[PDB]
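> I'd like to ask you about the structure that follows.
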Amino acid sequence: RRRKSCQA
Amino acid sequence: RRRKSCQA
Amino acid sequence: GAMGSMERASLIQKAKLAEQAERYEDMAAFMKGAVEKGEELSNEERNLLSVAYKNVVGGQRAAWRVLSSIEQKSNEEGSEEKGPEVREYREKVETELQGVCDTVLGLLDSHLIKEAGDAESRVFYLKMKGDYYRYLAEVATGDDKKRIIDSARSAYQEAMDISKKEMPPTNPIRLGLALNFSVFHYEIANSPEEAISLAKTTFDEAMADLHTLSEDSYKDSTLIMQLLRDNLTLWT
Amino acid sequence: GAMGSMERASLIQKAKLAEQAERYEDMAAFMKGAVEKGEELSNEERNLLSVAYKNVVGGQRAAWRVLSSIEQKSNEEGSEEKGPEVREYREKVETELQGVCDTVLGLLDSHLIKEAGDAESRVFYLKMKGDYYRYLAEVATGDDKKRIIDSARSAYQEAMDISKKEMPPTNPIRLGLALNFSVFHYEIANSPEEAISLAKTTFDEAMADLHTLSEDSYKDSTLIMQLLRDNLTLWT
Ligand SMILES: *Cc1ccc(S(=O)(=O)N(C)CCS*)cc1
Ligand SMILES: *Cc1ccc(S(=O)(=O)N(C)CCS*)cc1
Ligand SMILES: [Cl-]
Ligand SMILES: [Cl-]
Ligand SMILES: [Mg+2]
Ligand SMILES: [Mg+2]
Ligand SMILES: [Mg+2]
Ligand SMILES: [Mg+2]
Ligand SMILES: [Mg+2]
Ligand SMILES: [Mg+2]
């Protein structure tokens, strides 16, 4: 699980 | 359903 | 061109890295540079060339279809006039796509096909020639459309003639060629009956030859047979 | 440059078509041309600019990570020497990525940020400046790495200061800024505790303000809150 940045 | 051509 | 100073083996190595990184434009440029070294391509190298360009054009074709659909809607009754932008941008993508097809056809003509003597290489390159003319035909609307279609047909037909004489009916190249020529008949040449007949005969002749194959070859052949079956189910 | 002869409105129209066709390189070039017309951008236009470049760099970053992992494996004990190709190709992708980041930072500096006076535009552009310095920091290994990291920090911090004063805690730009600054703390600045604290405080303050929102605004805010929660679950 790769961390989330602000992406759709 | 789109017809198949030679693709992976 | 720009790959002229890089070693053939380094171009191949980088094409494989580009594939792993899903950088298909880079992959295609590396493989073009490798072809332009002037030596024949091995089986693996031919596959790298084909994968690279099929992915590049495949993306262009998908984008072209999106834009063509928007343009077609714009020309329906009751649609507001929005200016030349949709046509211009569809034309931009179309011209880029045609350029890539011309690039591949140029590599095949100078000089991959003329040096290819074994059935596996010659059939593969002639199939590619048929495919890239078929992609040109998908966007052709003018006075050369008939000649583009005939060029695709002529390349596919020569590939079919060689493949029937020199390859078993389960050979993956023979099967993929027949799959693509059947698609050509169905959606380019306005010949759905020919497309269906070709897909059915190809499937049935491969089925009858599966008993000769190892487990790994059986998996390779049945994978492509399933694509023929998918099309037959869609078309009938 | 090449978009200088196209109308601003046509560039915007084509950027929207390019988005529909998933032609993000074209989308970015159209939006760069629109910015270079010299007028401020509307909310929708700022979103088109951001979407375009985030998709272009996002693809480059993913490719860079694939190549960097291959290179790192090549430098482990017992790995065969394969020559300079992996490093060269990783450097090629890296240089392209840095070029796109420099392009975005240049648009922000000339002259998007200096003309942006409303909180929504100024915070958005400063967040973008932090993001593209953060992407530069992901690949930086040399003597300017500390200054690249400080540039990202300084832009994020100014965006945070404005957003806290001028926006509600549920505002989507404020939330996305906090999400990205928290990622900066976690994986760029070696400050996981700061990353966790920022994500938790941002989430909790947004929760407390949801009661003020319409159904549509609630959906917008909770979508980004879930990303903060995803990171907190991963990091704790
Ligand atoms: C800065 C920024 C950009 C986009 C968005 S978003 O479109 O609302 N969205 C949910 C992306 C995840 S943050 C929000 C903030
Ligand atoms: C001409 C050709 C190219 C690729 C292949 S494949 O890789 O075996 N594969 C299953 C693609 C679907 S035809 C076969 C034939
Ligand atoms: Cl255009
Ligand atoms: Cl390279
Ligand atoms: Mg040499
Ligand atoms: Mg034989
Ligand atoms: Mg009939
Ligand atoms: Mg004007
Ligand atoms: Mg306010
Ligand atoms: Mg602690």
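Following the order of the structure tokens, first chain is A, next is B, and so on, with residues numbered from 1 inside each chain and ligands from 1 in the order they appear.
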Neighbours of residue 5 in chain A within 8 Å (only C-alpha atoms; same-chain residues fewer than 4 positions away dropped), as a CSV table (one decimal) with C-alpha atoms, in the first residue's frame?

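What landed in result20.csv:
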chain,number,residue,atom,x,y,z
D,176,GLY,CA,-5.2,18.5,-0.2
D,179,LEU,CA,-2.3,15.8,2.8
D,180,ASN,CA,0.7,16.6,0.6
D,183,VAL,CA,3.6,13.3,2.9
D,227,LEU,CA,-7.0,9.9,2.1
> Could you fit chain C onto chain D with a least-squares superposition over all C-alpha atoms, matched one to one in order, and give me the transformed chain as an mmCIF file with C-alpha atoms, in the first residue's frame?

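Listing of result05.cif after writing:
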data_model
loop_
_atom_site.group_PDB
_atom_site.id
_atom_site.type_symbol
_atom_site.label_atom_id
_atom_site.label_comp_id
_atom_site.auth_asym_id
_atom_site.auth_seq_id
_atom_site.Cartn_x
_atom_site.Cartn_y
_atom_site.Cartn_z
ATOM 1 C CA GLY C 1 6.454 29.283 -28.065
ATOM 2 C CA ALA C 2 4.515 26.888 -30.285
ATOM 3 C CA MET C 3 1.152 27.824 -28.729
ATOM 4 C CA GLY C 4 1.675 31.559 -29.258
ATOM 5 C CA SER C 5 -0.554 31.668 -32.350
ATOM 6 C CA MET C 6 -3.514 29.818 -30.803
ATOM 7 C CA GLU C 7 -6.345 31.663 -29.029
ATOM 8 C CA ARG C 8 -6.495 31.352 -25.249
ATOM 9 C CA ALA C 9 -10.012 29.925 -25.410
ATOM 10 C CA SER C 10 -8.987 27.379 -28.065
ATOM 11 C CA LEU C 11 -6.075 26.213 -25.892
ATOM 12 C CA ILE C 12 -8.483 25.712 -22.974
ATOM 13 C CA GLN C 13 -10.950 23.859 -25.217
ATOM 14 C CA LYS C 14 -8.185 21.599 -26.512
ATOM 15 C CA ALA C 15 -6.860 20.968 -23.002
ATOM 16 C CA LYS C 16 -10.308 19.621 -22.113
ATOM 17 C CA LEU C 17 -10.337 17.410 -25.219
ATOM 18 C CA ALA C 18 -6.836 16.157 -24.415
ATOM 19 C CA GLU C 19 -8.023 15.264 -20.901
ATOM 20 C CA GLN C 20 -10.913 13.236 -22.353
ATOM 21 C CA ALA C 21 -8.444 11.442 -24.651
ATOM 22 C CA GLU C 22 -5.954 10.897 -21.780
ATOM 23 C CA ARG C 23 -3.345 12.832 -23.771
ATOM 24 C CA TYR C 24 -1.784 14.502 -20.751
ATOM 25 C CA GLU C 25 1.390 15.722 -22.474
ATOM 26 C CA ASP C 26 -0.770 17.571 -25.000
ATOM 27 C CA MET C 27 -3.010 18.798 -22.185
ATOM 28 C CA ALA C 28 -0.009 20.240 -20.352
ATOM 29 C CA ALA C 29 1.356 21.933 -23.477
ATOM 30 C CA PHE C 30 -2.038 23.539 -24.149
ATOM 31 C CA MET C 31 -2.324 24.767 -20.554
ATOM 32 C CA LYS C 32 1.240 26.134 -20.612
ATOM 33 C CA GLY C 33 0.262 28.073 -23.729
ATOM 34 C CA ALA C 34 -2.840 29.347 -21.955
ATOM 35 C CA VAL C 35 -0.826 30.496 -18.919
ATOM 36 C CA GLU C 36 1.649 32.252 -21.206
ATOM 37 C CA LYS C 37 -1.164 34.453 -22.569
ATOM 38 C CA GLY C 38 -0.589 36.436 -19.359
ATOM 39 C CA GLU C 39 -4.108 36.502 -17.930
ATOM 40 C CA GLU C 40 -4.961 35.044 -14.543
ATOM 41 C CA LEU C 41 -6.559 31.589 -14.474
ATOM 42 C CA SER C 42 -10.061 30.786 -13.291
ATOM 43 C CA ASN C 43 -10.709 27.991 -10.791
ATOM 44 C CA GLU C 44 -11.493 25.520 -13.582
ATOM 45 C CA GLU C 45 -8.415 26.579 -15.565
ATOM 46 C CA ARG C 46 -6.140 26.160 -12.530
ATOM 47 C CA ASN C 47 -7.526 22.645 -12.118
ATOM 48 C CA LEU C 48 -6.807 21.853 -15.773
ATOM 49 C CA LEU C 49 -3.218 23.079 -15.389
ATOM 50 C CA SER C 50 -2.720 20.990 -12.252
ATOM 51 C CA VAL C 51 -4.336 17.824 -13.636
ATOM 52 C CA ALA C 52 -2.237 18.003 -16.797
ATOM 53 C CA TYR C 53 1.154 18.359 -15.143
ATOM 54 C CA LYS C 54 0.354 16.002 -12.258
ATOM 55 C CA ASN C 55 -0.395 13.250 -14.747
ATOM 56 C CA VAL C 56 2.716 13.939 -16.837
ATOM 57 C CA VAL C 57 5.069 13.987 -13.856
ATOM 58 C CA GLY C 58 3.200 11.139 -12.190
ATOM 59 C CA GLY C 59 4.069 8.882 -15.104
ATOM 60 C CA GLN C 60 7.687 10.038 -15.080
ATOM 61 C CA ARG C 61 7.949 9.490 -11.314
ATOM 62 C CA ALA C 62 6.553 5.964 -11.563
ATOM 63 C CA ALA C 63 9.038 5.143 -14.332
ATOM 64 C CA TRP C 64 11.877 6.681 -12.318
ATOM 65 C CA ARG C 65 11.003 4.493 -9.329
ATOM 66 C CA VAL C 66 11.065 1.338 -11.475
ATOM 67 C CA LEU C 67 14.469 2.235 -12.909
ATOM 68 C CA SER C 68 15.879 3.332 -9.546
ATOM 69 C CA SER C 69 14.899 -0.018 -8.026
ATOM 70 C CA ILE C 70 16.627 -1.895 -10.855
ATOM 71 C CA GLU C 71 19.731 0.257 -10.408
ATOM 72 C CA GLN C 72 19.773 -0.297 -6.648
ATOM 73 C CA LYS C 73 19.590 -4.067 -7.152
ATOM 74 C CA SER C 74 22.465 -3.815 -9.648
ATOM 75 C CA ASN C 75 24.646 -2.329 -6.891
ATOM 76 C CA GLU C 76 24.062 -5.165 -4.399
ATOM 77 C CA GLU C 77 26.757 -7.709 -3.598
ATOM 78 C CA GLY C 78 26.817 -10.603 -6.054
ATOM 79 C CA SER C 79 25.045 -8.704 -8.845
ATOM 80 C CA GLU C 80 26.642 -9.106 -12.266
ATOM 81 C CA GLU C 81 28.179 -6.032 -13.867
ATOM 82 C CA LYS C 82 25.929 -4.982 -16.758
ATOM 83 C CA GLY C 83 27.552 -1.704 -17.796
ATOM 84 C CA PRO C 84 26.352 1.898 -17.631
ATOM 85 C CA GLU C 85 22.971 1.431 -19.323
ATOM 86 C CA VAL C 86 20.723 1.268 -16.246
ATOM 87 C CA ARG C 87 22.273 4.418 -14.769
ATOM 88 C CA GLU C 88 22.172 6.203 -18.138
ATOM 89 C CA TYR C 89 18.508 5.436 -18.715
ATOM 90 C CA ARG C 90 17.512 6.316 -15.142
ATOM 91 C CA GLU C 91 19.387 9.609 -15.641
ATOM 92 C CA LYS C 92 17.540 10.207 -18.921
ATOM 93 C CA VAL C 93 14.140 9.781 -17.270
ATOM 94 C CA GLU C 94 15.304 11.823 -14.249
ATOM 95 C CA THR C 95 16.426 14.723 -16.436
ATOM 96 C CA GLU C 96 13.107 14.718 -18.295
ATOM 97 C CA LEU C 97 11.232 14.718 -14.976
ATOM 98 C CA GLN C 98 13.341 17.590 -13.634
ATOM 99 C CA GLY C 99 12.628 19.491 -16.838
ATOM 100 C CA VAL C 100 8.889 19.204 -16.352
ATOM 101 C CA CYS C 101 9.191 20.300 -12.712
ATOM 102 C CA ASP C 102 11.300 23.288 -13.783
ATOM 103 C CA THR C 103 8.671 24.141 -16.413
ATOM 104 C CA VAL C 104 5.859 24.172 -13.841
ATOM 105 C CA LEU C 105 7.936 26.129 -11.332
ATOM 106 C CA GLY C 106 8.736 28.615 -14.084
ATOM 107 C CA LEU C 107 5.059 29.185 -14.850
ATOM 108 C CA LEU C 108 4.381 29.698 -11.150
ATOM 109 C CA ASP C 109 7.237 32.227 -10.924
ATOM 110 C CA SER C 110 6.442 34.000 -14.206
ATOM 111 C CA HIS C 111 3.889 35.121 -13.172
ATOM 112 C CA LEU C 112 1.064 33.074 -11.643
ATOM 113 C CA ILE C 113 1.943 33.454 -7.964
ATOM 114 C CA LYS C 114 2.674 37.187 -7.945
ATOM 115 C CA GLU C 115 -0.707 37.970 -9.545
ATOM 116 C CA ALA C 116 -2.711 35.604 -7.287
ATOM 117 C CA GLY C 117 -4.407 37.579 -4.516
ATOM 118 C CA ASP C 118 -7.425 35.521 -3.549
ATOM 119 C CA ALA C 119 -6.797 32.771 -1.009
ATOM 120 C CA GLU C 120 -8.105 30.025 -3.292
ATOM 121 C CA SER C 121 -5.706 30.866 -6.115
ATOM 122 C CA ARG C 122 -2.678 31.776 -4.004
ATOM 123 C CA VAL C 123 -2.899 28.688 -1.768
ATOM 124 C CA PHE C 124 -3.376 26.476 -4.834
ATOM 125 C CA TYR C 125 -0.296 27.859 -6.603
ATOM 126 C CA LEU C 126 1.866 27.702 -3.465
ATOM 127 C CA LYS C 127 0.772 24.100 -2.931
ATOM 128 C CA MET C 128 1.804 23.389 -6.525
ATOM 129 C CA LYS C 129 5.178 25.037 -5.897
ATOM 130 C CA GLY C 130 5.666 22.810 -2.850
ATOM 131 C CA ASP C 131 4.655 19.721 -4.841
ATOM 132 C CA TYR C 132 7.064 20.292 -7.721
ATOM 133 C CA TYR C 133 9.947 21.039 -5.370
ATOM 134 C CA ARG C 134 8.949 17.851 -3.538
ATOM 135 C CA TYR C 135 9.178 15.910 -6.809
ATOM 136 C CA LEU C 136 12.628 17.440 -7.398
ATOM 137 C CA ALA C 137 13.543 16.352 -3.854
ATOM 138 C CA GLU C 138 12.500 12.758 -4.558
ATOM 139 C CA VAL C 139 15.365 12.466 -7.081
ATOM 140 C CA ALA C 140 17.887 14.846 -5.520
ATOM 141 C CA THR C 141 21.126 13.305 -4.250
ATOM 142 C CA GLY C 142 23.593 16.207 -4.395
ATOM 143 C CA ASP C 143 24.700 19.439 -2.714
ATOM 144 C CA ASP C 144 21.466 21.344 -3.439
ATOM 145 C CA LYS C 145 19.198 18.651 -1.925
ATOM 146 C CA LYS C 146 18.849 20.575 1.332
ATOM 147 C CA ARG C 147 17.935 23.747 -0.542
ATOM 148 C CA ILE C 148 15.390 21.904 -2.720
ATOM 149 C CA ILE C 149 13.794 20.466 0.421
ATOM 150 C CA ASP C 150 13.725 23.886 2.065
ATOM 151 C CA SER C 151 12.098 25.388 -1.031
ATOM 152 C CA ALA C 152 9.318 22.796 -0.851
ATOM 153 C CA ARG C 153 8.914 23.420 2.887
ATOM 154 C CA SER C 154 8.810 27.193 2.476
ATOM 155 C CA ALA C 155 6.113 27.069 -0.219
ATOM 156 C CA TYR C 156 3.982 24.584 1.721
ATOM 157 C CA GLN C 157 4.353 26.627 4.908
ATOM 158 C CA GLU C 158 3.187 29.851 3.248
ATOM 159 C CA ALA C 159 0.243 27.973 1.728
ATOM 160 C CA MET C 160 -0.626 26.521 5.150
ATOM 161 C CA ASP C 161 -0.450 29.920 6.838
ATOM 162 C CA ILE C 162 -2.814 31.500 4.300
ATOM 163 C CA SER C 163 -5.172 28.518 4.244
ATOM 164 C CA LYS C 164 -5.538 28.507 8.035
ATOM 165 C CA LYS C 165 -6.353 32.222 8.088
ATOM 166 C CA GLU C 166 -8.599 32.437 5.032
ATOM 167 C CA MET C 167 -10.257 29.044 4.358
ATOM 168 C CA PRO C 168 -12.542 26.735 6.352
ATOM 169 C CA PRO C 169 -10.988 23.489 7.600
ATOM 170 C CA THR C 170 -13.123 21.508 5.113
ATOM 171 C CA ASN C 171 -11.991 23.433 2.032
ATOM 172 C CA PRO C 172 -10.718 20.856 -0.528
ATOM 173 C CA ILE C 173 -7.599 22.896 -1.362
ATOM 174 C CA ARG C 174 -6.728 23.256 2.328
ATOM 175 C CA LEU C 175 -7.243 19.513 2.777
ATOM 176 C CA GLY C 176 -5.185 18.476 -0.248
ATOM 177 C CA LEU C 177 -2.414 20.862 0.778
ATOM 178 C CA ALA C 178 -2.310 19.337 4.260
ATOM 179 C CA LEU C 179 -2.305 15.822 2.799
ATOM 180 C CA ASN C 180 0.667 16.646 0.584
ATOM 181 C CA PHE C 181 2.600 18.573 3.252
ATOM 182 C CA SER C 182 2.108 15.610 5.572
ATOM 183 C CA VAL C 183 3.581 13.310 2.876
ATOM 184 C CA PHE C 184 6.464 15.778 2.540
ATOM 185 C CA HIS C 185 7.119 15.512 6.287
ATOM 186 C CA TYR C 186 6.901 11.718 6.282
ATOM 187 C CA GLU C 187 9.052 10.772 3.320
ATOM 188 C CA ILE C 188 11.107 13.866 2.366
ATOM 189 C CA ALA C 189 11.890 15.631 5.656
ATOM 190 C CA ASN C 190 12.358 12.485 7.782
ATOM 191 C CA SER C 191 9.653 13.757 10.182
ATOM 192 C CA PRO C 192 7.031 10.999 10.513
ATOM 193 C CA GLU C 193 5.712 12.381 13.820
ATOM 194 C CA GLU C 194 5.050 15.766 12.215
ATOM 195 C CA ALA C 195 3.360 14.002 9.279
ATOM 196 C CA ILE C 196 1.078 12.028 11.601
ATOM 197 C CA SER C 197 0.245 15.046 13.771
ATOM 198 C CA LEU C 198 -0.610 17.152 10.732
ATOM 199 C CA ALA C 199 -2.804 14.453 9.191
ATOM 200 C CA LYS C 200 -4.654 13.849 12.484
ATOM 201 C CA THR C 201 -5.242 17.516 13.305
ATOM 202 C CA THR C 202 -6.368 18.225 9.741
ATOM 203 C CA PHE C 203 -8.783 15.289 9.796
ATOM 204 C CA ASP C 204 -10.240 16.201 13.185
ATOM 205 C CA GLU C 205 -10.727 19.878 12.373
ATOM 206 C CA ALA C 206 -12.445 18.985 9.108
ATOM 207 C CA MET C 207 -14.740 16.503 10.880
ATOM 208 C CA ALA C 208 -15.889 19.227 13.264
ATOM 209 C CA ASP C 209 -16.835 21.531 10.351
ATOM 210 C CA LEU C 210 -18.723 19.003 8.173
ATOM 211 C CA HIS C 211 -22.050 20.005 9.774
ATOM 212 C CA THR C 212 -21.848 23.364 7.944
ATOM 213 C CA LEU C 213 -21.711 21.832 4.459
ATOM 214 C CA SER C 214 -24.187 20.939 1.758
ATOM 215 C CA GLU C 215 -24.408 17.324 0.602
ATOM 216 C CA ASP C 216 -22.157 17.986 -2.409
ATOM 217 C CA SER C 217 -19.524 19.849 -0.368
ATOM 218 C CA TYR C 218 -19.656 17.101 2.266
ATOM 219 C CA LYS C 219 -18.817 14.537 -0.424
ATOM 220 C CA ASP C 220 -15.906 16.655 -1.693
ATOM 221 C CA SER C 221 -14.412 17.104 1.778
ATOM 222 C CA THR C 222 -14.915 13.554 3.050
ATOM 223 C CA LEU C 223 -13.211 12.153 -0.060
ATOM 224 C CA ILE C 224 -9.975 13.923 0.875
ATOM 225 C CA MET C 225 -10.414 13.174 4.571
ATOM 226 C CA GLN C 226 -10.399 9.493 3.631
ATOM 227 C CA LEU C 227 -6.950 9.940 2.055
ATOM 228 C CA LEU C 228 -5.683 11.421 5.329
ATOM 229 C CA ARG C 229 -7.204 8.428 7.139
ATOM 230 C CA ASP C 230 -5.581 6.026 4.661
ATOM 231 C CA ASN C 231 -2.187 7.505 5.460
ATOM 232 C CA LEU C 232 -2.785 7.460 9.212
ATOM 233 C CA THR C 233 -3.745 3.780 8.989
ATOM 234 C CA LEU C 234 -0.600 3.036 6.977
ATOM 235 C CA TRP C 235 1.691 5.039 9.274
ATOM 236 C CA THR C 236 0.359 3.973 12.689
#
> What is the atom 1 (C, counted along the ligand's line) of ligand 1-CA of residue 3 in chain A distance in Å, reported with one decimal?
16.6 Å
> Report as CSV the residues of chain B within 6 Å of ligand 2, each with its shortest atom pair and distance in Å (one decimal), using only C-alpha atoms and all ligand atoms, ordered by chain and increasing residue number.

residue,atom,partner,partner_atom_place_in_ligand_line,distance
B:6,CA,ligand 2,13 (S),3.5
B:7,CA,ligand 2,12 (C),4.6
B:8,CA,ligand 2,11 (C),5.1
> Restricted to N, CA and C atoms, what would the selected residues look like written as a PDB file, in the first residue's frame?

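Contents of part_28.pdb, as written:
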ATOM      1  N   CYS B   6      -4.426  -8.852 -31.962  1.00  0.00           N
ATOM      2  CA  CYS B   6      -3.327  -9.522 -31.289  1.00  0.00           C
ATOM      3  C   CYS B   6      -2.620  -8.534 -30.368  1.00  0.00           C
ATOM      4  N   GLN B   7      -2.984  -8.599 -29.082  1.00  0.00           N
ATOM      5  CA  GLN B   7      -2.516  -7.715 -28.025  1.00  0.00           C
ATOM      6  C   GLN B   7      -2.368  -8.540 -26.757  1.00  0.00           C
ATOM      7  N   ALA B   8      -1.533  -8.044 -25.847  1.00  0.00           N
ATOM      8  CA  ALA B   8      -1.258  -8.715 -24.576  1.00  0.00           C
ATOM      9  C   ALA B   8      -2.473  -8.760 -23.648  1.00  0.00           C
TER      10      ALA B   8
END
> Could you find all residues in range 179-209 of chain D that DSSP calls alpha helix (DSSP H) from the backbone, and write them as a list in words?
residues 179, 180, 181, 182, 183, 192, 193, 194, 195, 196, 197, 198, 199, 200, 201, 202, 203, 204, 205, 206, 207, 208 and 209 of chain D
> To one decimal place, how far is atom 7 (O, counted along the ligand's line) of ligand 1 from CA of residue 4 in chain A in Å?
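For atom 7 (O, counted along the ligand's line) of ligand 1 relative to CA of residue 4 in chain A, the distance reads 13.3 Å.
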